[PDB]
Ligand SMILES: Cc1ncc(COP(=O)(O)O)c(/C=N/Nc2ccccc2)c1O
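Shown next as structure tokens: one chain only, the form deposited without this ligand.
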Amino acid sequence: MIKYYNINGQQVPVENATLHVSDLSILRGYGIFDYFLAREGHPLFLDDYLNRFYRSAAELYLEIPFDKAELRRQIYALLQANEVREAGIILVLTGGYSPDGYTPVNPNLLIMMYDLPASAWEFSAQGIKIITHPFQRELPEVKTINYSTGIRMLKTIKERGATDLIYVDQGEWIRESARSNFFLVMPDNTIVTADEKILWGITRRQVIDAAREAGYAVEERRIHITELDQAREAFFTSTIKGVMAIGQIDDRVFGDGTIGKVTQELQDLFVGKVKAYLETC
């Protein structure tokens, strides 16, 4: 059971883990987020996740209080303190306890810890049902805390019989969901995913590398909404999903709705990347 989180380098019991209401995340949604899994006592691809956290932080001009080695030390320390080998880990960096409820100061750094999600890498053979939604995320290259459109859409998603969405910039250009990268497999087995105005996911990185190592053509380009009709397969990548089959987008079933051949092969290769990472720890 999880005992402690970390706030600004201090291990705190979870029930005393609070921020004063003057924090800019609370008042102004100002801050950055990262999330990664731990397996066999090891945060997966940690250097990549931590590099991204420091890059996100730079774009909001927030100084993380310690260097990457120290943050890594604190993460490992919090796994040992909670006596856990398998976990979800959130990093949050807020704009801080602003004097004027707008100007950022020293940021508040949060490290929170959860059980490894039950659904982590479920790899269901049955593809999920999703809807298109016209929208473009703000500062899309930055992993901000700003998830209001995706959270607000939950009601419409569930209402319409979907479990998720795919953002289409002005109903024209396929991007990503609120929390997942999006990919198409073409009938010639070319893999397509968005290159611009999307978050560069750590899963997306490992899956693209694994696809190119298997000899797949992987095109990073703008994707027109009409190109859904060209695709055999659709999947998401994310830290929790790994590779997740999408069986339906609006009124289009992909194949018979069950996971496509390349999607299944990419699930195995993703697990290959994980195992290869854990062999270097």
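Note that residue numbering follows the sequence shown and begins at 1.
One more form of this protein, deposited with this ligand bound, exists but is not displayed; see below.
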**Prompt:** If we take heavy atoms and a 4.5 Å cut-off, which stretch out of 71 to 79, 156 to 164, 184 to 192, 115 to 123 is in contact with this ligand in the deposited bound form?
**Reply:** 115 to 123
**Asked** Within a 4.5 Å heavy atom cut-off, is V271 in contact with this ligand in the deposited bound form?
**Response** yes
**Request:** Answer with yes or no whether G247 is in contact with this ligand in the deposited bound form, where contact means some heavy atom within 4.5 Å.
**Result:** no
**Prompt:** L278 near this ligand in the deposited bound form, any heavy atom under 4.5 Å?
**Reply:** yes
**Request:** Check whether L60 has any heavy atom within 4.5 Å of a heavy atom of this ligand in the deposited bound form, and answer yes or no.
**Result:** no
**Message:** Give me the residue from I223, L37, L46, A231 that has a heavy atom within 4.5 Å of this ligand in the deposited bound form.
**Reply:** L37
**Message:** For the stretch 237 to 273, I need every residue with any heavy atom inside 4.5 Å of this ligand in the deposited bound form, listed N to C.
**Reply:** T239, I240, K241, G242, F270, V271
